[PDB]
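Printed here is upload_37.json (JSON, C-alpha atoms):
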```json
[["chain", "number", "residue", "atom", "x", "y", "z"],
["A", 1, "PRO", "CA", 0.00, 0.00, 0.00],
["A", 2, "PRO", "CA", 1.43, 3.38, -1.10],
["A", 3, "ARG", "CA", 1.62, 6.16, 1.49],
["A", 4, "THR", "CA", -1.33, 8.54, 1.31],
["A", 5, "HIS", "CA", -0.91, 12.32, 1.23],
["A", 6, "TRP", "CA", -1.72, 12.39, 4.96],
["A", 7, "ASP", "CA", 0.97, 9.74, 5.65],
["A", 8, "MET", "CA", 3.49, 11.99, 3.87],
["A", 9, "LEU", "CA", 2.42, 15.10, 5.81],
["A", 10, "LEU", "CA", 2.72, 13.20, 9.10],
["A", 11, "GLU", "CA", 6.37, 12.35, 8.34],
["A", 12, "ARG", "CA", 7.41, 15.99, 7.92],
["A", 13, "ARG", "CA", 5.08, 17.93, 10.23],
["A", 14, "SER", "CA", 4.24, 17.52, 13.92],
["A", 15, "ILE", "CA", 0.60, 17.64, 15.01],
["A", 16, "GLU", "CA", 1.47, 20.71, 17.11],
["A", 17, "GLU", "CA", 2.74, 22.45, 13.99],
["A", 18, "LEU", "CA", -0.42, 21.42, 12.14],
["A", 19, "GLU", "CA", -2.62, 22.82, 14.93],
["A", 20, "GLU", "CA", -0.80, 26.15, 14.75],
["A", 21, "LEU", "CA", -1.34, 26.23, 10.99],
["A", 22, "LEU", "CA", -5.03, 25.32, 11.25],
["A", 23, "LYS", "CA", -5.51, 28.09, 13.83],
["A", 24, "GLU", "CA", -3.85, 30.67, 11.57],
["A", 25, "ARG", "CA", -6.29, 29.66, 8.84],
["A", 26, "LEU", "CA", -9.38, 29.64, 11.08],
["A", 27, "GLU", "CA", -8.31, 33.20, 11.93],
["A", 28, "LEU", "CA", -8.24, 34.54, 8.36],
["A", 29, "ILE", "CA", -11.72, 33.05, 7.89],
["A", 30, "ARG", "CA", -13.18, 34.81, 10.93],
["A", 31, "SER", "CA", -11.70, 38.10, 9.71],
["A", 32, "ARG", "CA", -14.12, 38.03, 8.25],
["B", 1, "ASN", "CA", 4.92, 33.14, -7.99],
["B", 2, "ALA", "CA", 7.09, 31.66, -5.24],
["B", 3, "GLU", "CA", 5.09, 33.55, -2.62],
["B", 4, "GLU", "CA", 1.67, 32.30, -3.76],
["B", 5, "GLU", "CA", 3.27, 28.83, -3.80],
["B", 6, "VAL", "CA", 3.79, 28.83, -0.03],
["B", 7, "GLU", "CA", 0.29, 30.08, 0.63],
["B", 8, "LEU", "CA", -1.14, 27.22, -1.45],
["B", 9, "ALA", "CA", 0.97, 24.62, 0.38],
["B", 10, "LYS", "CA", -0.11, 25.91, 3.80],
["B", 11, "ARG", "CA", -3.75, 25.69, 2.70],
["B", 12, "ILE", "CA", -3.12, 22.13, 1.61],
["B", 13, "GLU", "CA", -1.57, 21.06, 4.92],
["B", 14, "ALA", "CA", -4.30, 22.79, 6.97],
["B", 15, "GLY", "CA", -6.94, 21.06, 4.84],
["B", 16, "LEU", "CA", -5.33, 17.64, 5.23],
["B", 17, "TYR", "CA", -5.13, 18.12, 8.97],
["B", 18, "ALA", "CA", -8.74, 19.39, 9.22],
["B", 19, "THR", "CA", -9.77, 16.27, 7.31],
["B", 20, "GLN", "CA", -7.84, 13.93, 9.61],
["B", 21, "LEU", "CA", -9.12, 15.62, 12.75],
["B", 22, "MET", "CA", -12.74, 15.10, 11.65],
["B", 23, "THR", "CA", -12.01, 11.51, 10.62],
["B", 24, "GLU", "CA", -10.40, 10.64, 13.96],
["B", 25, "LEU", "CA", -13.11, 12.49, 15.89],
["B", 26, "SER", "CA", -15.63, 10.26, 14.14],
["B", 27, "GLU", "CA", -13.73, 7.13, 15.22],
["B", 28, "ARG", "CA", -14.38, 8.08, 18.85],
["B", 29, "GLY", "CA", -18.10, 8.76, 18.49],
["B", 30, "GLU", "CA", -17.55, 12.44, 19.23],
["B", 31, "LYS", "CA", -18.84, 15.15, 16.92],
["B", 32, "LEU", "CA", -17.78, 18.77, 16.68],
["B", 33, "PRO", "CA", -20.23, 21.52, 17.59],
["B", 34, "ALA", "CA", -21.96, 22.75, 14.42],
["B", 35, "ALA", "CA", -19.93, 25.97, 14.31],
["B", 36, "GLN", "CA", -16.57, 24.17, 14.45],
["B", 37, "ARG", "CA", -17.66, 21.49, 11.98],
["B", 38, "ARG", "CA", -18.63, 24.21, 9.49],
["B", 39, "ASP", "CA", -15.20, 25.87, 9.70],
["B", 40, "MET", "CA", -13.37, 22.54, 9.53],
["B", 41, "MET", "CA", -15.45, 21.63, 6.48],
["B", 42, "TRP", "CA", -14.54, 24.94, 4.83],
["B", 43, "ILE", "CA", -10.82, 24.47, 5.56],
["B", 44, "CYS", "CA", -10.95, 20.95, 4.15],
["B", 45, "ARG", "CA", -12.60, 22.13, 0.92],
["B", 46, "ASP", "CA", -10.28, 25.12, 0.68],
["B", 47, "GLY", "CA", -7.32, 22.73, 0.92],
["B", 48, "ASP", "CA", -8.50, 20.66, -2.02],
["B", 49, "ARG", "CA", -8.99, 23.88, -4.03],
["B", 50, "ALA", "CA", -5.42, 24.85, -3.18],
["B", 51, "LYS", "CA", -4.19, 21.44, -4.30],
["B", 52, "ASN", "CA", -5.96, 21.76, -7.67],
["B", 53, "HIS", "CA", -4.60, 25.27, -8.13],
["B", 54, "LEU", "CA", -1.01, 24.23, -7.36],
["B", 55, "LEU", "CA", -1.36, 21.36, -9.82],
["B", 56, "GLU", "CA", -2.90, 23.64, -12.46],
["B", 57, "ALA", "CA", -0.13, 26.24, -12.06],
["B", 58, "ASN", "CA", 2.44, 23.55, -12.87],
["B", 59, "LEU", "CA", 0.87, 21.61, -15.76],
["B", 60, "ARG", "CA", 2.79, 23.77, -18.23],
["B", 61, "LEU", "CA", 6.04, 22.70, -16.54],
["B", 62, "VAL", "CA", 5.02, 19.09, -17.11],
["B", 63, "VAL", "CA", 4.50, 19.95, -20.79],
["B", 64, "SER", "CA", 7.87, 21.69, -21.23],
["B", 65, "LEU", "CA", 9.69, 18.67, -19.78],
["B", 66, "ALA", "CA", 7.65, 16.17, -21.82],
["B", 67, "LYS", "CA", 8.61, 17.94, -25.05],
["B", 68, "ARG", "CA", 12.22, 17.00, -24.34],
["B", 69, "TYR", "CA", 11.28, 13.33, -24.68],
["B", 70, "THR", "CA", 9.05, 13.28, -27.78],
["B", 71, "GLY", "CA", 9.91, 11.09, -30.76],
["B", 72, "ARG", "CA", 11.33, 8.13, -28.86],
["B", 73, "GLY", "CA", 8.51, 5.60, -28.86],
["B", 74, "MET", "CA", 6.12, 7.22, -26.39],
["B", 75, "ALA", "CA", 3.23, 9.36, -27.63],
["B", 76, "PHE", "CA", 3.17, 13.00, -26.53],
["B", 77, "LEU", "CA", -0.06, 12.66, -24.50],
["B", 78, "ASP", "CA", 1.35, 9.58, -22.77],
["B", 79, "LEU", "CA", 4.45, 11.51, -21.75],
["B", 80, "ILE", "CA", 2.19, 14.21, -20.31],
["B", 81, "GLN", "CA", 0.09, 11.64, -18.44],
["B", 82, "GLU", "CA", 3.17, 10.12, -16.80],
["B", 83, "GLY", "CA", 4.60, 13.59, -16.19],
["B", 84, "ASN", "CA", 1.39, 14.52, -14.36],
["B", 85, "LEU", "CA", 1.72, 11.53, -12.05],
["B", 86, "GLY", "CA", 5.20, 12.81, -11.24],
["B", 87, "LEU", "CA", 3.77, 16.24, -10.50],
["B", 88, "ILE", "CA", 1.17, 15.10, -7.96],
["B", 89, "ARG", "CA", 3.78, 12.92, -6.26],
["B", 90, "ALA", "CA", 5.90, 16.06, -5.86],
["B", 91, "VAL", "CA", 2.90, 18.00, -4.55],
["B", 92, "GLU", "CA", 2.25, 15.48, -1.79],
["B", 93, "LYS", "CA", 5.90, 15.28, -0.74],
["B", 94, "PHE", "CA", 6.80, 18.97, -1.08],
["B", 95, "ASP", "CA", 7.90, 20.75, 2.13],
["B", 96, "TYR", "CA", 7.34, 24.53, 1.99],
["B", 97, "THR", "CA", 9.58, 25.21, 5.01],
["B", 98, "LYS", "CA", 12.83, 24.18, 3.26],
["B", 99, "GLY", "CA", 12.97, 27.39, 1.20],
["B", 100, "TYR", "CA", 13.13, 26.23, -2.43],
["B", 101, "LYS", "CA", 10.42, 26.77, -5.07],
["B", 102, "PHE", "CA", 7.88, 24.04, -5.72],
["B", 103, "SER", "CA", 8.57, 24.11, -9.46],
["B", 104, "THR", "CA", 12.28, 23.52, -8.79],
["B", 105, "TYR", "CA", 11.36, 20.64, -6.52],
["B", 106, "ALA", "CA", 8.82, 19.11, -8.93],
["B", 107, "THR", "CA", 11.26, 19.00, -11.87],
["B", 108, "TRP", "CA", 13.12, 15.92, -10.65],
["B", 109, "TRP", "CA", 9.88, 14.06, -9.86],
["B", 110, "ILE", "CA", 8.40, 14.86, -13.25],
["B", 111, "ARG", "CA", 11.52, 13.78, -15.23],
["B", 112, "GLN", "CA", 11.73, 10.63, -13.13],
["B", 113, "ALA", "CA", 8.14, 9.54, -13.86],
["B", 114, "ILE", "CA", 8.63, 10.14, -17.57],
["B", 115, "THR", "CA", 11.99, 8.38, -17.61],
["B", 116, "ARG", "CA", 10.79, 5.28, -15.76],
["B", 117, "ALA", "CA", 7.66, 5.13, -17.92],
["B", 118, "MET", "CA", 9.77, 5.09, -21.09],
["B", 119, "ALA", "CA", 12.18, 2.45, -19.82],
["B", 120, "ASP", "CA", 9.39, 0.19, -18.58],
["B", 121, "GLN", "CA", 7.42, 0.21, -21.83],
["B", 122, "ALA", "CA", 10.56, -0.87, -23.68]]
```
Encoded form using structure tokens:
Amino acid sequence: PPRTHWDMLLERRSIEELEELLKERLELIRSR
Amino acid sequence: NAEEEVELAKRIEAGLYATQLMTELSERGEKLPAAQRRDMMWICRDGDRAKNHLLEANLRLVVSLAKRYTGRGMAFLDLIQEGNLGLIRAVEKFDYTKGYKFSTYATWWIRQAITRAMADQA
């Protein structure tokens, strides 16, 4: 089974980094 | 542009993560409040849009590389097809934090897919 796109992301980016990124995006949405 | 490149890649990662978060939340019977779910859903869809856009902005690069390999047994459209598989492989593996352009990064993956496709048909 080939690695999915998520599998690849998980190799290079911590979940804490991903949370920070998601927050920065949620922010641009709500502004506004 | 190199700048718009990074913005697209961030949107992709955020979208992937938003997707995973909702998937794993489902696996534990928990649901997000409707307001969160709506934003997560938007981020997920925005990520897929960013992926399509990054792909689209680099299809011409696939074509320029494929033209190097015409007239050697493989039809032009077949070169482009294989080149495109190289391109999405680069998209999924690309790391925007390193500092180099995506197009620079994709070049090797695109040539590789084309090269291996030509060797394996023969």
Sort by chain and increasing residue number a table of all residues of chain A within 9 Å of chain B, each with its closest pair of atoms and their distance in Å to one decimal, counting only C-alpha atoms, and write it as CSV.
```
residue,atom,partner,partner_atom,distance
A:4,CA,B:92,CA,8.4
A:5,CA,B:92,CA,5.4
A:6,CA,B:16,CA,6.4
A:8,CA,B:93,CA,6.2
A:9,CA,B:13,CA,7.2
A:12,CA,B:95,CA,7.5
A:15,CA,B:17,CA,8.3
A:18,CA,B:17,CA,6.6
A:19,CA,B:17,CA,8.0
A:21,CA,B:14,CA,6.1
A:22,CA,B:14,CA,5.0
A:23,CA,B:14,CA,8.8
A:25,CA,B:14,CA,7.4
A:26,CA,B:39,CA,7.1
A:29,CA,B:39,CA,8.2
```
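Between CA of residue 48 in chain B and CA of residue 33 in chain B there is a distance of 22.9 Å.
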request  = Could you give me, as a ChimeraX atom specification, the residues that have an atom at most 9 Å away from the point (-16.9, 16.2, 7.0) in the coordinates of the file, using all atoms listed in the file?
outcome  = /B:19,22-23,37-38,40-41,44
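Compared by their closest atoms to residue 5 in chain B, and using all atoms listed in the file, the residues B:30, B:78, B:24, B:56 rank with B:56 nearest.
You will find CA of residue 85 in chain B at 16.3 Å from CA of residue 104 in chain B.
Coordinates place CA of residue 62 in chain B at a distance of 19.6 Å from CA of residue 121 in chain B.
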Is there a way to complete range 55-82 of chain B with N, CA and C atoms and then write that out as an mmCIF file, keeping the file's coordinate frame?
```cif
data_model
loop_
_atom_site.group_PDB
_atom_site.id
_atom_site.type_symbol
_atom_site.label_atom_id
_atom_site.label_comp_id
_atom_site.auth_asym_id
_atom_site.auth_seq_id
_atom_site.Cartn_x
_atom_site.Cartn_y
_atom_site.Cartn_z
ATOM 1 N N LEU B 55 -1.463 22.253 -8.685
ATOM 2 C CA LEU B 55 -1.360 21.360 -9.820
ATOM 3 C C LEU B 55 -1.505 22.121 -11.136
ATOM 4 N N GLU B 56 -2.631 22.812 -11.290
ATOM 5 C CA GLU B 56 -2.900 23.640 -12.460
ATOM 6 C C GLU B 56 -1.762 24.601 -12.814
ATOM 7 N N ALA B 57 -1.209 25.281 -11.815
ATOM 8 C CA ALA B 57 -0.130 26.240 -12.060
ATOM 9 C C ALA B 57 1.167 25.572 -12.520
ATOM 10 N N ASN B 58 1.215 24.244 -12.493
ATOM 11 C CA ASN B 58 2.440 23.550 -12.870
ATOM 12 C C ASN B 58 2.279 22.526 -13.991
ATOM 13 N N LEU B 59 1.108 22.504 -14.624
ATOM 14 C CA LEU B 59 0.870 21.610 -15.760
ATOM 15 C C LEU B 59 1.733 21.990 -16.963
ATOM 16 N N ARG B 60 1.958 23.288 -17.143
ATOM 17 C CA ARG B 60 2.790 23.770 -18.230
ATOM 18 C C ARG B 60 4.240 23.302 -18.057
ATOM 19 N N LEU B 61 4.704 23.233 -16.812
ATOM 20 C CA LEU B 61 6.040 22.700 -16.540
ATOM 21 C C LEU B 61 6.122 21.235 -16.947
ATOM 22 N N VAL B 62 5.070 20.474 -16.658
ATOM 23 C CA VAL B 62 5.020 19.090 -17.110
ATOM 24 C C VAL B 62 5.164 19.036 -18.637
ATOM 25 N N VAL B 63 4.501 19.960 -19.330
ATOM 26 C CA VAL B 63 4.500 19.950 -20.790
ATOM 27 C C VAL B 63 5.877 20.295 -21.366
ATOM 28 N N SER B 64 6.539 21.291 -20.783
ATOM 29 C CA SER B 64 7.870 21.690 -21.230
ATOM 30 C C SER B 64 8.885 20.549 -21.072
ATOM 31 N N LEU B 65 8.783 19.795 -19.984
ATOM 32 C CA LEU B 65 9.690 18.670 -19.780
ATOM 33 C C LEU B 65 9.354 17.507 -20.725
ATOM 34 N N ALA B 66 8.068 17.281 -20.969
ATOM 35 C CA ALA B 66 7.650 16.170 -21.820
ATOM 36 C C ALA B 66 8.118 16.347 -23.264
ATOM 37 N N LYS B 67 8.211 17.601 -23.701
ATOM 38 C CA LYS B 67 8.610 17.940 -25.050
ATOM 39 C C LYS B 67 10.053 17.527 -25.301
ATOM 40 N N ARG B 68 10.837 17.457 -24.232
ATOM 41 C CA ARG B 68 12.220 17.000 -24.340
ATOM 42 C C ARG B 68 12.286 15.538 -24.773
ATOM 43 N N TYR B 69 11.227 14.779 -24.499
ATOM 44 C CA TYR B 69 11.280 13.330 -24.680
ATOM 45 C C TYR B 69 10.414 12.813 -25.836
ATOM 46 N N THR B 70 9.892 13.712 -26.664
ATOM 47 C CA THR B 70 9.050 13.280 -27.780
ATOM 48 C C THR B 70 9.889 12.605 -28.865
ATOM 49 N N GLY B 71 9.259 11.720 -29.629
ATOM 50 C CA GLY B 71 9.910 11.090 -30.760
ATOM 51 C C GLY B 71 10.851 9.970 -30.372
ATOM 52 N N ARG B 72 10.489 9.218 -29.339
ATOM 53 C CA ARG B 72 11.330 8.130 -28.860
ATOM 54 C C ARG B 72 10.514 6.906 -28.482
ATOM 55 N N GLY B 73 9.356 6.752 -29.113
ATOM 56 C CA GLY B 73 8.510 5.600 -28.860
ATOM 57 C C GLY B 73 7.261 5.875 -28.048
ATOM 58 N N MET B 74 7.288 6.910 -27.214
ATOM 59 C CA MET B 74 6.120 7.220 -26.390
ATOM 60 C C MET B 74 5.376 8.433 -26.936
ATOM 61 N N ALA B 75 4.073 8.270 -27.142
ATOM 62 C CA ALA B 75 3.230 9.360 -27.630
ATOM 63 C C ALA B 75 3.302 10.561 -26.685
ATOM 64 N N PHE B 76 3.145 11.750 -27.257
ATOM 65 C CA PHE B 76 3.170 13.000 -26.530
ATOM 66 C C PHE B 76 2.190 13.028 -25.339
ATOM 67 N N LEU B 77 0.940 12.633 -25.568
ATOM 68 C CA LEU B 77 -0.060 12.660 -24.500
ATOM 69 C C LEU B 77 0.258 11.650 -23.410
ATOM 70 N N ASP B 78 0.957 10.578 -23.769
ATOM 71 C CA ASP B 78 1.350 9.580 -22.770
ATOM 72 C C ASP B 78 2.476 10.091 -21.890
ATOM 73 N N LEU B 79 3.385 10.854 -22.490
ATOM 74 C CA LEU B 79 4.450 11.510 -21.750
ATOM 75 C C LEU B 79 3.856 12.462 -20.721
ATOM 76 N N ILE B 80 2.849 13.213 -21.152
ATOM 77 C CA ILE B 80 2.190 14.210 -20.310
ATOM 78 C C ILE B 80 1.449 13.531 -19.160
ATOM 79 N N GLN B 81 0.783 12.419 -19.455
ATOM 80 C CA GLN B 81 0.090 11.640 -18.440
ATOM 81 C C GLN B 81 1.047 11.169 -17.340
ATOM 82 N N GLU B 82 2.167 10.582 -17.747
ATOM 83 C CA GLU B 82 3.170 10.120 -16.800
ATOM 84 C C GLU B 82 3.806 11.295 -16.068
#
```
